[PDB]
Amino acid sequence: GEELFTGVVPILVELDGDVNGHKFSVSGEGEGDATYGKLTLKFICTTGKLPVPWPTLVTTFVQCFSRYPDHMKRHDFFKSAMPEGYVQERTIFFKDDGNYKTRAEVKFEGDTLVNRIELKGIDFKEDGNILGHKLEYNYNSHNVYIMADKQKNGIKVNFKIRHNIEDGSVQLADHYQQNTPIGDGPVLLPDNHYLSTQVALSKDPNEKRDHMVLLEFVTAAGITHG
């Protein structure tokens, strides 16, 4: 439901992770203002040092906060599934390295939008850009393509993240994503389109824990018909 999102809504994020056996947990919190496609979040690794670079988990850590222009409202699958929510699953293939498989439930719990995640990563090279922490602490702007998948009453999403490497090169991370409603009510299955997202990463100067502050703007685009 769109109106659930007309103002600022609190967000909670919980991630339980295991990559090549390094177990870690992260908690996040912040707010989303979909009117402006704006998210402001802070994440903390609560199990010590984060075993993979922060930027690699950005996409894992709430597309219901995208700003869908009015003329695109009927294509907003994400809001349409709330408040009961949707399950979001991905496989993220890091080029020439291992991969992440994640499963999440994004739904309201009270007046808070919560994204609860499980991530397992495998086949990472002990010394590659990921486990070797060679990725820079920045993020590029990307387009996220969305298509309906009527069979599963959800959408399929595909995009490739370009993570800057410390050498000047780029580590690609190919995202295969699927979302399905948790509820039984009808949800909106959209026509193809995309989301344009900009992400800013920073640090909280008062925090001793390994953490990440993330501010993002995300907007839907691509449809001028109907």
# chains A, B, ... in the order shown; residues from 1 in each chain; ligands from 1
>>> select_by_dssp(residues="region 42-144 of chain A", states="alpha helix (DSSP H)", output="ChimeraX atom specification")
/A:77-80
>>> write_last_selection(atoms="N, CA, C and O atoms", output="mmCIF file, in the first residue's frame")
data_model
loop_
_atom_site.group_PDB
_atom_site.id
_atom_site.type_symbol
_atom_site.label_atom_id
_atom_site.label_comp_id
_atom_site.auth_asym_id
_atom_site.auth_seq_id
_atom_site.Cartn_x
_atom_site.Cartn_y
_atom_site.Cartn_z
ATOM 1 N N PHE A 77 5.384 -2.587 -7.907
ATOM 2 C CA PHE A 77 5.108 -3.879 -7.286
ATOM 3 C C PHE A 77 5.403 -3.842 -5.805
ATOM 4 O O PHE A 77 4.700 -4.424 -4.998
ATOM 5 N N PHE A 78 6.485 -3.177 -5.457
ATOM 6 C CA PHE A 78 6.907 -3.135 -4.071
ATOM 7 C C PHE A 78 5.921 -2.582 -3.062
ATOM 8 O O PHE A 78 5.718 -3.180 -2.019
ATOM 9 N N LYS A 79 5.322 -1.440 -3.357
ATOM 10 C CA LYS A 79 4.350 -0.903 -2.444
ATOM 11 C C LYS A 79 3.087 -1.737 -2.431
ATOM 12 O O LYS A 79 2.461 -1.966 -1.398
ATOM 13 N N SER A 80 2.702 -2.206 -3.595
ATOM 14 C CA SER A 80 1.507 -3.011 -3.703
ATOM 15 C C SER A 80 1.462 -4.254 -2.815
ATOM 16 O O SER A 80 0.396 -4.682 -2.416
#
>>> residues_around(residues="residue 110 (chain A)", least_positions_apart="3", cutoff="12 Å", atoms="only C-alpha atoms", output="NGL selection string")
:A and (4 or 9-12 or 82-84 or 107 or 113-114)
>>> closest_atom_pairs(of="region 40-96 of chain A", to="region 222-225 of chain A", cutoff="12 Å", atoms="only C-alpha atoms", output="CSV")
residue,atom,partner,partner_atom,distance
A:68,CA,A:223,CA,10.4
A:69,CA,A:223,CA,9.7
A:70,CA,A:224,CA,10.8
A:71,CA,A:224,CA,7.4
A:72,CA,A:223,CA,6.7
A:73,CA,A:223,CA,10.3
A:74,CA,A:223,CA,10.7
A:75,CA,A:223,CA,9.0
A:76,CA,A:223,CA,11.7
>>> atom_distance(atom1="CA of residue 39 (chain A)", atom2="CA of residue 176 (chain A)")
22.7 Å
>>> residues_around(residues="residue 35 (chain A)", least_positions_apart="6", cutoff="10 Å", atoms="only C-alpha atoms", output="PDB file with C-alpha atoms, in the first residue's frame")
ATOM      1  CA  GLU A   2       1.372   3.379  -1.289  1.00  0.00           C
ATOM      2  CA  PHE A   5       4.578   5.372   2.467  1.00  0.00           C
ATOM      3  CA  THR A   6       3.322   8.939   2.207  1.00  0.00           C
ATOM      4  CA  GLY A   7       5.613  10.174   4.887  1.00  0.00           C
ATOM      5  CA  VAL A   8       8.803   9.140   6.720  1.00  0.00           C
ATOM      6  CA  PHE A  65      11.106   3.204  -0.956  1.00  0.00           C
ATOM      7  CA  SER A  66      11.556   4.028  -4.629  1.00  0.00           C
ATOM      8  CA  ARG A  67       9.867   7.068  -5.947  1.00  0.00           C
ATOM      9  CA  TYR A  68       7.413   5.991  -8.673  1.00  0.00           C
ATOM     10  CA  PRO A  69       6.216   9.010 -10.605  1.00  0.00           C
ATOM     11  CA  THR A 219      13.559   6.561  -8.738  1.00  0.00           C
TER      12      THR A 219
END
>>> residues_around(residues="residue 182 (chain A)", least_positions_apart="6", cutoff="8 Å", atoms="only C-alpha atoms", output="number ranges by chain")
A: 81, 84-87
>>> residues_around(residues="residue 221 (chain A)", least_positions_apart="5", cutoff="7 Å", atoms="only C-alpha atoms", output="PyMOL selection string")
chain A and resi 193-195
>>> residues_around(residues="region 48-60 of chain A", least_positions_apart="2", cutoff="7 Å", atoms="only C-alpha atoms", output="PyMOL selection string")
chain A and resi 22+24+45-46+130-131+133+135+137+210+212
>>> write_last_selection(atoms="C-alpha atoms", output="PDB file, in the first residue's frame")
ATOM      1  CA  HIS A  22      33.253 -16.499   8.151  1.00  0.00           C
ATOM      2  CA  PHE A  24      28.909 -12.357  10.841  1.00  0.00           C
ATOM      3  CA  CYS A  45      28.575  -5.276  12.212  1.00  0.00           C
ATOM      4  CA  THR A  46      27.867  -6.631  15.675  1.00  0.00           C
ATOM      5  CA  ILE A 130      36.225  -9.610  -1.667  1.00  0.00           C
ATOM      6  CA  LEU A 131      37.790 -11.660   1.168  1.00  0.00           C
ATOM      7  CA  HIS A 133      39.215  -6.329   0.983  1.00  0.00           C
ATOM      8  CA  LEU A 135      37.300  -2.748  -3.016  1.00  0.00           C
ATOM      9  CA  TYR A 137      34.643   2.627  -0.126  1.00  0.00           C
ATOM     10  CA  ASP A 210      32.890  -1.543  11.989  1.00  0.00           C
ATOM     11  CA  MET A 212      28.525   1.950   7.217  1.00  0.00           C
TER      12      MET A 212
END
>>> residues_around(residues="residue 99 (chain A)", least_positions_apart="2", cutoff="6 Å", atoms="only C-alpha atoms", output="mmCIF file with N, CA, C and O atoms, in the first residue's frame")
data_model
loop_
_atom_site.group_PDB
_atom_site.id
_atom_site.type_symbol
_atom_site.label_atom_id
_atom_site.label_comp_id
_atom_site.auth_asym_id
_atom_site.auth_seq_id
_atom_site.Cartn_x
_atom_site.Cartn_y
_atom_site.Cartn_z
ATOM 1 N N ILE A 92 24.148 -13.383 -6.325
ATOM 2 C CA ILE A 92 24.984 -12.281 -6.795
ATOM 3 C C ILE A 92 26.282 -12.921 -7.176
ATOM 4 O O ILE A 92 26.965 -13.445 -6.319
ATOM 5 N N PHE A 93 26.626 -12.881 -8.457
ATOM 6 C CA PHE A 93 27.865 -13.501 -8.900
ATOM 7 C C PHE A 93 28.974 -12.504 -9.059
ATOM 8 O O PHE A 93 28.911 -11.662 -9.960
ATOM 9 N N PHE A 94 29.990 -12.583 -8.214
ATOM 10 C CA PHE A 94 31.139 -11.699 -8.367
ATOM 11 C C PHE A 94 32.053 -12.272 -9.506
ATOM 12 O O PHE A 94 32.510 -13.420 -9.477
ATOM 13 N N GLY A 121 27.674 -16.913 1.416
ATOM 14 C CA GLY A 121 28.573 -16.659 0.303
ATOM 15 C C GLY A 121 29.543 -17.867 0.197
ATOM 16 O O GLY A 121 29.978 -18.455 1.195
ATOM 17 N N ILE A 122 29.850 -18.243 -1.029
ATOM 18 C CA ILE A 122 30.708 -19.383 -1.255
ATOM 19 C C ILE A 122 31.646 -19.205 -2.404
ATOM 20 O O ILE A 122 31.471 -18.347 -3.288
#
>>> atom_distance(atom1="CA of residue 217 (chain A)", atom2="CA of residue 37 (chain A)")
5.2 Å
>>> closest_residue(among="A:97, A:103, A:89, A:171", to="residue 126 (chain A)", atoms="only C-alpha atoms")
A:97
>>> select_by_dssp(residues="region 44-92 of chain A", states="strand (DSSP E)", output="list in words")
residues 44, 45, 86, 87, 88, 89, 90, 91 and 92 of chain A
>>> write_last_selection(atoms="C-alpha atoms", output="short mmCIF file (atom, residue, chain, number, x, y, z; two decimals), in the first residue's frame")
data_model
loop_
_atom_site.label_atom_id
_atom_site.label_comp_id
_atom_site.auth_asym_id
_atom_site.auth_seq_id
_atom_site.Cartn_x
_atom_site.Cartn_y
_atom_site.Cartn_z
CA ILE A 44 26.72 -2.03 12.32
CA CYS A 45 28.58 -5.28 12.21
CA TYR A 86 7.43 -9.78 -0.09
CA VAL A 87 10.27 -12.26 -0.04
CA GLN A 88 13.32 -11.08 -1.98
CA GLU A 89 15.85 -13.56 -3.23
CA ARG A 90 19.06 -13.10 -5.11
CA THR A 91 22.15 -14.79 -6.34
CA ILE A 92 24.98 -12.28 -6.80
#
>>> closest_residue(among="A:62, A:28, A:112, A:38", to="residue 198 (chain A)", atoms="only C-alpha atoms")
A:38
>>> closest_residue(among="A:14, A:29, A:136, A:184", to="residue 106 (chain A)", atoms="only C-alpha atoms")
A:14
>>> closest_residue(among="A:190, A:63, A:129, A:111", to="residue 226 (chain A)", atoms="only C-alpha atoms")
A:190
>>> decode(residues="region 30-70 of chain A", atoms="C-alpha atoms", output="mmCIF file, in the first residue's frame")
data_model
loop_
_atom_site.group_PDB
_atom_site.id
_atom_site.type_symbol
_atom_site.label_atom_id
_atom_site.label_comp_id
_atom_site.auth_asym_id
_atom_site.auth_seq_id
_atom_site.Cartn_x
_atom_site.Cartn_y
_atom_site.Cartn_z
ATOM 1 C CA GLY A 30 17.199 4.500 9.578
ATOM 2 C CA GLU A 31 14.251 5.949 7.678
ATOM 3 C CA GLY A 32 12.730 5.988 4.181
ATOM 4 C CA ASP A 33 10.709 8.817 2.485
ATOM 5 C CA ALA A 34 9.392 7.328 -0.745
ATOM 6 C CA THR A 35 7.825 10.612 -1.725
ATOM 7 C CA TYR A 36 11.361 11.602 -2.548
ATOM 8 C CA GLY A 37 12.799 8.076 -3.213
ATOM 9 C CA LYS A 38 15.110 8.820 -0.190
ATOM 10 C CA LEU A 39 16.687 6.404 2.287
ATOM 11 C CA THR A 40 19.084 7.188 5.114
ATOM 12 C CA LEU A 41 20.448 4.133 6.939
ATOM 13 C CA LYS A 42 23.270 3.084 9.314
ATOM 14 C CA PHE A 43 24.594 -0.439 9.661
ATOM 15 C CA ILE A 44 26.721 -2.030 12.315
ATOM 16 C CA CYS A 45 28.575 -5.276 12.212
ATOM 17 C CA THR A 46 27.867 -6.631 15.675
ATOM 18 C CA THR A 47 30.147 -9.664 15.493
ATOM 19 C CA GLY A 48 33.443 -7.763 15.153
ATOM 20 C CA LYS A 49 35.192 -7.037 11.883
ATOM 21 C CA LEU A 50 33.071 -7.261 8.790
ATOM 22 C CA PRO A 51 34.535 -10.115 6.708
ATOM 23 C CA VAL A 52 33.697 -8.735 3.264
ATOM 24 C CA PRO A 53 33.807 -5.144 1.993
ATOM 25 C CA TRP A 54 30.871 -3.012 3.045
ATOM 26 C CA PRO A 55 30.000 -1.968 -0.494
ATOM 27 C CA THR A 56 29.391 -5.580 -1.448
ATOM 28 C CA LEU A 57 26.392 -5.744 0.869
ATOM 29 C CA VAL A 58 24.738 -2.505 -0.145
ATOM 30 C CA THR A 59 22.171 -4.066 -2.443
ATOM 31 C CA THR A 60 21.332 -6.705 0.115
ATOM 32 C CA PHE A 61 20.619 -4.181 2.855
ATOM 33 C CA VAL A 62 13.996 -1.949 0.468
ATOM 34 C CA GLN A 63 12.785 -1.017 -3.044
ATOM 35 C CA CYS A 64 9.415 -0.158 -1.701
ATOM 36 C CA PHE A 65 11.106 3.204 -0.956
ATOM 37 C CA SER A 66 11.556 4.028 -4.629
ATOM 38 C CA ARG A 67 9.867 7.068 -5.947
ATOM 39 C CA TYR A 68 7.413 5.991 -8.673
ATOM 40 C CA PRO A 69 6.216 9.010 -10.605
ATOM 41 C CA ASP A 70 2.477 9.235 -10.635
#
